[PDB]
>>> print(open('coords_5.txt').read())   # compact mmCIF, N, CA and C atoms
# COMPACT_ATOMS: atom_id res chain seq x y z
N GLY O 1 -37.01 -8.24 -28.56
CA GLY O 1 -36.06 -9.34 -28.56
C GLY O 1 -36.12 -10.11 -27.24
N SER O 2 -35.16 -9.82 -26.37
CA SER O 2 -35.09 -10.48 -25.08
C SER O 2 -34.86 -11.98 -25.27
N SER O 3 -34.01 -12.52 -24.42
CA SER O 3 -33.69 -13.94 -24.48
C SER O 3 -32.98 -14.37 -23.20
N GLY O 4 -33.16 -15.64 -22.86
CA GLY O 4 -32.54 -16.19 -21.66
C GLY O 4 -33.23 -17.49 -21.23
N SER O 5 -32.50 -18.29 -20.47
CA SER O 5 -33.03 -19.55 -19.99
C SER O 5 -32.15 -20.09 -18.86
N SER O 6 -32.72 -21.02 -18.11
CA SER O 6 -32.00 -21.62 -16.99
C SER O 6 -32.83 -22.76 -16.39
N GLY O 7 -32.13 -23.69 -15.76
CA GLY O 7 -32.78 -24.83 -15.14
C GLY O 7 -31.93 -25.40 -14.01
N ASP O 8 -32.62 -26.00 -13.04
CA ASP O 8 -31.94 -26.58 -11.90
C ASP O 8 -32.94 -27.40 -11.08
N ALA O 9 -32.93 -28.70 -11.31
CA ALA O 9 -33.83 -29.60 -10.60
C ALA O 9 -33.38 -31.04 -10.82
N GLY O 10 -33.47 -31.82 -9.76
CA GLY O 10 -33.08 -33.22 -9.82
C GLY O 10 -33.70 -34.02 -8.67
N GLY O 11 -32.84 -34.51 -7.80
CA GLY O 11 -33.29 -35.29 -6.66
C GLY O 11 -32.14 -36.11 -6.06
N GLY O 12 -32.38 -36.62 -4.86
CA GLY O 12 -31.38 -37.41 -4.17
C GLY O 12 -30.22 -36.53 -3.68
N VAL O 13 -29.01 -36.98 -3.98
CA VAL O 13 -27.82 -36.25 -3.58
C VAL O 13 -27.75 -36.21 -2.05
N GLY O 14 -26.84 -37.01 -1.51
CA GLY O 14 -26.66 -37.07 -0.07
C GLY O 14 -25.74 -35.96 0.42
N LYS O 15 -24.46 -36.28 0.49
CA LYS O 15 -23.46 -35.32 0.94
C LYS O 15 -22.29 -35.31 -0.05
N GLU O 16 -22.11 -34.16 -0.68
CA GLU O 16 -21.03 -34.00 -1.64
C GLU O 16 -19.71 -33.75 -0.93
N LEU O 17 -18.66 -33.60 -1.72
CA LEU O 17 -17.33 -33.35 -1.18
C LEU O 17 -17.44 -32.38 0.00
N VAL O 18 -16.50 -32.51 0.92
CA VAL O 18 -16.48 -31.66 2.10
C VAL O 18 -15.59 -30.45 1.82
N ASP O 19 -16.03 -29.31 2.33
CA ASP O 19 -15.28 -28.07 2.15
C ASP O 19 -14.14 -28.01 3.17
N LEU O 20 -12.95 -27.76 2.66
CA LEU O 20 -11.78 -27.67 3.52
C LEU O 20 -11.00 -26.40 3.18
N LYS O 21 -10.33 -25.86 4.19
CA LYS O 21 -9.55 -24.65 4.02
C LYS O 21 -8.06 -25.02 3.95
N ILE O 22 -7.46 -24.70 2.81
CA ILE O 22 -6.05 -24.99 2.60
C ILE O 22 -5.21 -23.87 3.22
N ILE O 23 -4.91 -24.04 4.50
CA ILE O 23 -4.11 -23.06 5.22
C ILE O 23 -2.63 -23.30 4.93
N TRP O 24 -1.97 -22.24 4.47
CA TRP O 24 -0.56 -22.32 4.15
C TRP O 24 0.00 -20.90 4.09
N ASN O 25 0.88 -20.60 5.03
CA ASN O 25 1.49 -19.28 5.10
C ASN O 25 0.44 -18.26 5.56
N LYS O 26 -0.53 -18.02 4.69
CA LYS O 26 -1.59 -17.07 4.99
C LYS O 26 -2.59 -17.06 3.84
N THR O 27 -2.83 -18.24 3.28
CA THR O 27 -3.77 -18.37 2.18
C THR O 27 -4.95 -19.26 2.58
N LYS O 28 -6.06 -19.05 1.89
CA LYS O 28 -7.26 -19.82 2.17
C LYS O 28 -7.90 -20.25 0.85
N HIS O 29 -7.68 -21.51 0.50
CA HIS O 29 -8.23 -22.06 -0.73
C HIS O 29 -9.36 -23.04 -0.40
N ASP O 30 -10.54 -22.71 -0.89
CA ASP O 30 -11.71 -23.54 -0.65
C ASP O 30 -11.72 -24.69 -1.67
N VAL O 31 -11.44 -25.88 -1.17
CA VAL O 31 -11.42 -27.06 -2.02
C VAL O 31 -12.45 -28.07 -1.51
N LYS O 32 -13.13 -28.71 -2.46
CA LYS O 32 -14.14 -29.69 -2.12
C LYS O 32 -13.59 -31.09 -2.40
N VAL O 33 -13.37 -31.83 -1.33
CA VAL O 33 -12.85 -33.19 -1.44
C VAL O 33 -13.76 -34.14 -0.67
N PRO O 34 -13.77 -35.42 -1.13
CA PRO O 34 -14.59 -36.44 -0.50
C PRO O 34 -13.98 -36.89 0.83
N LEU O 35 -14.86 -37.24 1.76
CA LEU O 35 -14.42 -37.69 3.07
C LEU O 35 -13.79 -39.08 2.95
N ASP O 36 -14.01 -39.70 1.80
CA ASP O 36 -13.47 -41.02 1.55
C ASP O 36 -11.97 -40.91 1.28
N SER O 37 -11.50 -39.67 1.23
CA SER O 37 -10.09 -39.42 0.98
C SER O 37 -9.26 -39.89 2.17
N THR O 38 -8.27 -40.72 1.87
CA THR O 38 -7.40 -41.25 2.90
C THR O 38 -6.46 -40.15 3.42
N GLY O 39 -6.18 -40.21 4.71
CA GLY O 39 -5.31 -39.24 5.34
C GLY O 39 -4.03 -39.04 4.52
N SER O 40 -3.71 -40.05 3.73
CA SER O 40 -2.53 -40.00 2.89
C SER O 40 -2.81 -39.18 1.63
N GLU O 41 -4.04 -39.30 1.14
CA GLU O 41 -4.45 -38.58 -0.05
C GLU O 41 -4.33 -37.07 0.18
N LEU O 42 -4.68 -36.66 1.39
CA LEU O 42 -4.62 -35.25 1.74
C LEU O 42 -3.35 -34.64 1.16
N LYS O 43 -2.24 -35.30 1.41
CA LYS O 43 -0.95 -34.83 0.92
C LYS O 43 -1.08 -34.48 -0.57
N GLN O 44 -1.48 -35.48 -1.35
CA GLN O 44 -1.64 -35.29 -2.78
C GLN O 44 -2.82 -34.35 -3.06
N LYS O 45 -3.68 -34.22 -2.06
CA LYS O 45 -4.84 -33.35 -2.18
C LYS O 45 -4.42 -31.90 -1.97
N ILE O 46 -3.40 -31.73 -1.15
CA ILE O 46 -2.89 -30.40 -0.86
C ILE O 46 -1.83 -30.02 -1.90
N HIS O 47 -0.95 -30.98 -2.17
CA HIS O 47 0.11 -30.76 -3.14
C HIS O 47 -0.50 -30.38 -4.49
N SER O 48 -1.68 -30.93 -4.75
CA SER O 48 -2.37 -30.66 -6.00
C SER O 48 -2.75 -29.18 -6.07
N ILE O 49 -2.70 -28.53 -4.92
CA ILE O 49 -3.03 -27.11 -4.84
C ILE O 49 -1.78 -26.32 -4.47
N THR O 50 -1.24 -26.64 -3.30
CA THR O 50 -0.05 -25.97 -2.82
C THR O 50 1.06 -26.01 -3.88
N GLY O 51 1.08 -27.11 -4.61
CA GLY O 51 2.08 -27.29 -5.66
C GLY O 51 3.44 -27.66 -5.06
N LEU O 52 3.47 -27.72 -3.74
CA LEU O 52 4.70 -28.06 -3.04
C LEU O 52 4.75 -29.57 -2.81
N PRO O 53 5.96 -30.05 -2.41
CA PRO O 53 6.15 -31.47 -2.15
C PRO O 53 5.51 -31.88 -0.83
N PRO O 54 5.05 -33.16 -0.78
CA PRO O 54 4.41 -33.69 0.42
C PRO O 54 5.45 -33.99 1.50
N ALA O 55 6.63 -34.41 1.05
CA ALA O 55 7.71 -34.73 1.96
C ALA O 55 8.01 -33.51 2.84
N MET O 56 7.78 -32.34 2.26
CA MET O 56 8.03 -31.10 2.98
C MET O 56 6.71 -30.44 3.40
N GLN O 57 5.72 -31.28 3.64
CA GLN O 57 4.41 -30.80 4.05
C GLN O 57 4.13 -31.18 5.50
N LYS O 58 3.23 -30.43 6.12
CA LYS O 58 2.87 -30.68 7.51
C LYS O 58 1.35 -30.76 7.62
N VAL O 59 0.84 -31.98 7.51
CA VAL O 59 -0.59 -32.21 7.60
C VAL O 59 -0.97 -32.44 9.06
N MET O 60 -1.57 -31.41 9.65
CA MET O 60 -1.99 -31.48 11.04
C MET O 60 -3.21 -30.60 11.28
N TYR O 61 -4.28 -31.24 11.75
CA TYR O 61 -5.51 -30.53 12.03
C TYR O 61 -5.99 -30.81 13.46
N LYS O 62 -5.73 -29.85 14.33
CA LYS O 62 -6.12 -29.98 15.72
C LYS O 62 -5.70 -31.35 16.24
N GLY O 63 -4.69 -31.91 15.60
CA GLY O 63 -4.18 -33.22 15.99
C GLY O 63 -3.54 -33.93 14.80
N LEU O 64 -2.66 -34.87 15.12
CA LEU O 64 -1.98 -35.63 14.08
C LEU O 64 -3.01 -36.33 13.19
N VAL O 65 -2.69 -36.38 11.91
CA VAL O 65 -3.57 -37.01 10.94
C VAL O 65 -2.96 -38.34 10.49
N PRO O 66 -3.66 -39.45 10.85
CA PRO O 66 -3.20 -40.77 10.48
C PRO O 66 -3.45 -41.05 9.00
N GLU O 67 -2.50 -41.74 8.39
CA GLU O 67 -2.60 -42.08 6.98
C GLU O 67 -3.31 -43.42 6.81
N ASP O 68 -3.41 -44.15 7.92
CA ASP O 68 -4.06 -45.45 7.90
C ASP O 68 -5.58 -45.26 8.00
N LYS O 69 -5.97 -44.04 8.33
CA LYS O 69 -7.38 -43.71 8.46
C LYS O 69 -7.70 -42.50 7.60
N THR O 70 -8.90 -42.52 7.02
CA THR O 70 -9.34 -41.43 6.17
C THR O 70 -9.87 -40.27 7.02
N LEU O 71 -10.08 -39.14 6.36
CA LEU O 71 -10.59 -37.96 7.03
C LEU O 71 -11.81 -38.34 7.87
N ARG O 72 -12.79 -38.94 7.20
CA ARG O 72 -14.01 -39.36 7.86
C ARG O 72 -13.68 -40.21 9.09
N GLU O 73 -12.47 -40.76 9.08
CA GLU O 73 -12.03 -41.59 10.19
C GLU O 73 -11.20 -40.77 11.17
N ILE O 74 -10.38 -39.89 10.61
CA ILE O 74 -9.53 -39.04 11.43
C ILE O 74 -10.39 -38.00 12.15
N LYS O 75 -11.66 -37.96 11.76
CA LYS O 75 -12.59 -37.02 12.36
C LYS O 75 -12.49 -35.68 11.64
N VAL O 76 -13.15 -35.60 10.50
CA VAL O 76 -13.14 -34.38 9.71
C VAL O 76 -14.58 -33.96 9.41
N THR O 77 -14.75 -32.66 9.24
CA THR O 77 -16.07 -32.11 8.95
C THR O 77 -15.96 -30.94 7.97
N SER O 78 -17.11 -30.45 7.56
CA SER O 78 -17.16 -29.33 6.63
C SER O 78 -16.64 -28.06 7.30
N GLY O 79 -15.43 -27.68 6.93
CA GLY O 79 -14.81 -26.50 7.49
C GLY O 79 -13.58 -26.86 8.33
N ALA O 80 -13.06 -28.05 8.07
CA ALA O 80 -11.89 -28.53 8.78
C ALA O 80 -10.65 -27.77 8.30
N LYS O 81 -9.99 -27.12 9.25
CA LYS O 81 -8.79 -26.35 8.93
C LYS O 81 -7.65 -27.31 8.61
N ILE O 82 -6.81 -26.89 7.67
CA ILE O 82 -5.68 -27.70 7.26
C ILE O 82 -4.44 -26.80 7.12
N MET O 83 -3.51 -26.98 8.05
CA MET O 83 -2.29 -26.20 8.04
C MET O 83 -1.20 -26.90 7.22
N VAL O 84 -0.47 -26.10 6.47
CA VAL O 84 0.60 -26.62 5.63
C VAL O 84 1.86 -25.78 5.85
N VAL O 85 3.00 -26.40 5.58
CA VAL O 85 4.28 -25.73 5.73
C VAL O 85 4.95 -25.60 4.37
N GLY O 86 6.02 -24.81 4.34
CA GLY O 86 6.76 -24.60 3.11
C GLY O 86 6.93 -23.10 2.83
N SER O 87 7.54 -22.81 1.69
CA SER O 87 7.77 -21.43 1.29
C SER O 87 8.13 -21.37 -0.20
N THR O 88 9.26 -21.98 -0.53
CA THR O 88 9.72 -21.99 -1.90
C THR O 88 9.39 -23.34 -2.56
N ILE O 89 8.62 -23.26 -3.63
CA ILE O 89 8.22 -24.45 -4.36
C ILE O 89 9.46 -25.27 -4.71
N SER O 90 9.23 -26.53 -5.03
CA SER O 90 10.32 -27.43 -5.39
C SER O 90 9.76 -28.70 -6.04
N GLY O 91 10.36 -29.06 -7.16
CA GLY O 91 9.94 -30.24 -7.89
C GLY O 91 11.00 -31.34 -7.82
N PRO O 92 10.59 -32.57 -8.21
CA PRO O 92 11.49 -33.71 -8.19
C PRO O 92 12.48 -33.64 -9.35
N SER O 93 13.37 -34.62 -9.39
CA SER O 93 14.38 -34.67 -10.44
C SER O 93 14.00 -35.74 -11.47
N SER O 94 13.85 -36.96 -10.98
CA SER O 94 13.49 -38.07 -11.85
C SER O 94 11.97 -38.23 -11.89
N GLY O 95 11.39 -38.43 -10.72
CA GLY O 95 9.95 -38.59 -10.61
C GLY O 95 9.59 -39.91 -9.93
>>> encode(input="coords_5.txt", output="structure tokens")
Amino acid sequence: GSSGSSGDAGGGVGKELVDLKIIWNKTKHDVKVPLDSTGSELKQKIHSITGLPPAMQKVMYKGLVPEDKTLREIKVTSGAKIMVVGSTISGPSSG
């Protein structure tokens, strides 16, 4: 009998999403996000994982993170630590 197959070949591909560590309390979630992500997106980028509100979030990586500038602008690289605050999840009322 015996059976099996596999393939992997293409070309190009510059730089894919950047690997970031979602630091919160004591967790490490490896998420791949584009550097084109605005410093503001991070919030929604973290909330999308942390599940917590951004208003109660603390986006700070070895320095304040501007929302007017993207990661690639705020100076981010593959392996950029991201600290977050919070404890008890919380959702909105209206939305």
>>> closest_residue(input="coords_5.txt", among="O:61, O:30, O:44, O:56", to="residue 83 in chain O", atoms="all atoms listed in the file")
O:61
>>> residues_near_point(input="coords_5.txt", point="(6.9, -31.8, -0.8)", cutoff="9 Å", atoms="only C-alpha atoms", output="list in words")
residues 43, 47, 51, 52, 53, 54, 55, 56, 57, 86, 89, 90, 91 and 92 of chain O
>>> residues_around(input="coords_5.txt", residues="range 70-80 of chain O", least_positions_apart="2", cutoff="6.5 Å", atoms="all atoms listed in the file", output="PDB file with N, CA and C atoms, in the frame of the given file")
ATOM      1  N   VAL O  18     -16.500 -32.510   0.920  1.00  0.00           N
ATOM      2  CA  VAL O  18     -16.480 -31.660   2.100  1.00  0.00           C
ATOM      3  C   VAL O  18     -15.590 -30.450   1.820  1.00  0.00           C
ATOM      4  N   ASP O  19     -16.030 -29.310   2.330  1.00  0.00           N
ATOM      5  CA  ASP O  19     -15.280 -28.070   2.150  1.00  0.00           C
ATOM      6  C   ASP O  19     -14.140 -28.010   3.170  1.00  0.00           C
ATOM      7  N   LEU O  20     -12.950 -27.760   2.660  1.00  0.00           N
ATOM      8  CA  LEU O  20     -11.780 -27.670   3.520  1.00  0.00           C
ATOM      9  C   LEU O  20     -11.000 -26.400   3.180  1.00  0.00           C
ATOM     10  N   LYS O  21     -10.330 -25.860   4.190  1.00  0.00           N
ATOM     11  CA  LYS O  21      -9.550 -24.650   4.020  1.00  0.00           C
ATOM     12  C   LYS O  21      -8.060 -25.020   3.950  1.00  0.00           C
ATOM     13  N   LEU O  35     -14.860 -37.240   1.760  1.00  0.00           N
ATOM     14  CA  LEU O  35     -14.420 -37.690   3.070  1.00  0.00           C
ATOM     15  C   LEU O  35     -13.790 -39.080   2.950  1.00  0.00           C
ATOM     16  N   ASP O  36     -14.010 -39.700   1.800  1.00  0.00           N
ATOM     17  CA  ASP O  36     -13.470 -41.020   1.550  1.00  0.00           C
ATOM     18  C   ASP O  36     -11.970 -40.910   1.280  1.00  0.00           C
ATOM     19  N   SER O  37     -11.500 -39.670   1.230  1.00  0.00           N
ATOM     20  CA  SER O  37     -10.090 -39.420   0.980  1.00  0.00           C
ATOM     21  C   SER O  37      -9.260 -39.890   2.170  1.00  0.00           C
ATOM     22  N   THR O  38      -8.270 -40.720   1.870  1.00  0.00           N
ATOM     23  CA  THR O  38      -7.400 -41.250   2.900  1.00  0.00           C
ATOM     24  C   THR O  38      -6.460 -40.150   3.420  1.00  0.00           C
ATOM     25  N   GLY O  39      -6.180 -40.210   4.710  1.00  0.00           N
ATOM     26  CA  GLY O  39      -5.310 -39.240   5.340  1.00  0.00           C
ATOM     27  C   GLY O  39      -4.030 -39.040   4.520  1.00  0.00           C
ATOM     28  N   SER O  40      -3.710 -40.050   3.730  1.00  0.00           N
ATOM     29  CA  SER O  40      -2.530 -40.000   2.890  1.00  0.00           C
ATOM     30  C   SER O  40      -2.810 -39.180   1.630  1.00  0.00           C
ATOM     31  N   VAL O  65      -2.690 -36.380  11.910  1.00  0.00           N
ATOM     32  CA  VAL O  65      -3.570 -37.010  10.940  1.00  0.00           C
ATOM     33  C   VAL O  65      -2.960 -38.340  10.490  1.00  0.00           C
ATOM     34  N   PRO O  66      -3.660 -39.450  10.850  1.00  0.00           N
ATOM     35  CA  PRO O  66      -3.200 -40.770  10.480  1.00  0.00           C
ATOM     36  C   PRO O  66      -3.450 -41.050   9.000  1.00  0.00           C
ATOM     37  N   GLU O  67      -2.500 -41.740   8.390  1.00  0.00           N
ATOM     38  CA  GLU O  67      -2.600 -42.080   6.980  1.00  0.00           C
ATOM     39  C   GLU O  67      -3.310 -43.420   6.810  1.00  0.00           C
ATOM     40  N   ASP O  68      -3.410 -44.150   7.920  1.00  0.00           N
ATOM     41  CA  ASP O  68      -4.060 -45.450   7.900  1.00  0.00           C
ATOM     42  C   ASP O  68      -5.580 -45.260   8.000  1.00  0.00           C
ATOM     43  N   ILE O  82      -6.810 -26.890   7.670  1.00  0.00           N
ATOM     44  CA  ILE O  82      -5.680 -27.700   7.260  1.00  0.00           C
ATOM     45  C   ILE O  82      -4.440 -26.800   7.120  1.00  0.00           C
TER      46      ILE O  82
END
>>> select_by_dssp(input="coords_5.txt", residues="chain O", states="strand (DSSP E or B)", output="ChimeraX atom specification")
/O:18-24,27-33,38,60,64,70,80-84
>>> axis_aligned_box(input="coords_5.txt", around="range 9-24 of chain O", padding_each_side="8 Å", output="lines of an AutoDock Vina configuration file")
center_x = -16.9
center_y = -29.2
center_z = -3.0
size_x = 49.8
size_y = 32.5
size_z = 32.5
>>> atom_distance(input="coords_5.txt", atom1="atom C of residue 63 in chain O", atom2="CA of residue 45 in chain O")
17.0 Å
>>> atom_distance(input="coords_5.txt", atom1="atom C of residue 42 in chain O", atom2="atom N of residue 16 in chain O")
18.9 Å
>>> closest_residue(input="coords_5.txt", among="O:95, O:23, O:34, O:59", to="residue 81 in chain O", atoms="only C-alpha atoms")
O:23
>>> decode(input="coords_5.txt", residues="range 3-88 of chain O", atoms="C-alpha atoms", output="CSV table (one decimal), in the first residue's frame")
chain,number,residue,atom,x,y,z
O,3,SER,CA,0.6,6.5,0.4
O,4,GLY,CA,1.6,10.2,1.0
O,5,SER,CA,2.4,13.4,-0.7
O,6,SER,CA,3.6,17.0,-0.1
O,7,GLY,CA,4.8,20.1,-1.9
O,8,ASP,CA,6.4,23.5,-1.1
O,9,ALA,CA,7.9,25.7,-3.7
O,10,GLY,CA,7.2,29.2,-5.1
O,11,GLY,CA,9.3,32.4,-5.3
O,12,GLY,CA,9.6,36.0,-4.3
O,13,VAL,CA,8.1,36.7,-0.9
O,14,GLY,CA,9.9,39.6,0.8
O,15,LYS,CA,9.1,40.0,4.5
O,16,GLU,CA,5.9,38.6,6.0
O,17,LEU,CA,4.1,39.7,9.1
O,18,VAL,CA,6.5,40.4,12.0
O,19,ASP,CA,6.6,38.2,15.0
O,20,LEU,CA,5.5,39.9,18.2
O,21,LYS,CA,5.2,38.7,21.8
O,22,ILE,CA,1.9,39.5,23.5
O,23,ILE,CA,3.2,40.1,27.0
O,24,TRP,CA,0.3,40.3,29.5
O,25,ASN,CA,0.5,39.3,33.2
O,26,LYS,CA,2.7,36.4,32.3
O,27,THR,CA,1.7,35.1,28.9
O,28,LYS,CA,3.5,34.9,25.6
O,29,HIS,CA,1.4,34.7,22.5
O,30,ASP,CA,3.2,34.6,19.2
O,31,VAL,CA,1.2,36.7,16.7
O,32,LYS,CA,2.3,37.6,13.2
O,33,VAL,CA,1.2,41.1,12.2
O,34,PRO,CA,2.3,43.5,9.4
O,35,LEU,CA,4.6,46.3,10.2
O,36,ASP,CA,2.2,48.5,8.2
O,37,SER,CA,0.0,48.2,11.3
O,38,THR,CA,-0.6,51.6,12.9
O,39,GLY,CA,0.4,52.1,16.5
O,40,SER,CA,-3.3,52.5,17.0
O,41,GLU,CA,-4.0,49.1,15.4
O,42,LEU,CA,-1.8,47.5,18.0
O,43,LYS,CA,-4.6,48.1,20.5
O,44,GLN,CA,-7.1,46.2,18.3
O,45,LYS,CA,-4.3,43.9,17.4
O,46,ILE,CA,-3.8,43.0,21.1
O,47,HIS,CA,-7.5,43.2,22.1
O,48,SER,CA,-8.1,40.7,19.3
O,49,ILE,CA,-6.0,38.4,21.4
O,50,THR,CA,-6.1,39.7,25.0
O,51,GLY,CA,-9.8,40.0,24.6
O,52,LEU,CA,-9.6,42.9,27.0
O,53,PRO,CA,-10.6,46.6,26.2
O,54,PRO,CA,-8.0,49.0,24.7
O,55,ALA,CA,-9.1,51.8,27.0
O,56,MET,CA,-7.7,49.7,29.8
O,57,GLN,CA,-4.6,48.6,27.8
O,58,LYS,CA,-1.0,49.8,28.2
O,59,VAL,CA,0.8,49.7,24.9
O,60,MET,CA,4.4,50.4,25.7
O,61,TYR,CA,7.6,48.9,24.2
O,62,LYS,CA,10.9,50.1,25.5
O,63,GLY,CA,9.2,53.5,25.0
O,64,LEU,CA,5.8,55.2,24.4
O,65,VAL,CA,4.1,54.0,21.2
O,66,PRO,CA,2.7,56.8,19.0
O,67,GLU,CA,-0.6,56.2,17.3
O,68,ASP,CA,0.3,58.7,14.6
O,69,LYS,CA,3.1,56.4,13.5
O,70,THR,CA,3.1,52.7,12.7
O,71,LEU,CA,5.2,50.1,14.2
O,72,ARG,CA,7.7,50.3,11.3
O,73,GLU,CA,7.7,53.9,12.2
O,74,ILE,CA,7.7,53.6,16.0
O,75,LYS,CA,10.7,51.4,15.4
O,76,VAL,CA,9.6,47.7,15.6
O,77,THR,CA,11.3,44.5,14.7
O,78,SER,CA,10.8,40.8,14.7
O,79,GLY,CA,10.7,39.9,18.4
O,80,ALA,CA,9.4,43.3,19.7
O,81,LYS,CA,8.1,42.8,23.2
O,82,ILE,CA,4.6,44.1,23.9
O,83,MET,CA,3.5,44.7,27.5
O,84,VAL,CA,-0.2,44.8,28.3
O,85,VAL,CA,-2.2,45.6,31.5
O,86,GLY,CA,-5.4,44.3,32.9
O,87,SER,CA,-6.8,41.3,34.8
O,88,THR,CA,-10.5,40.8,34.6
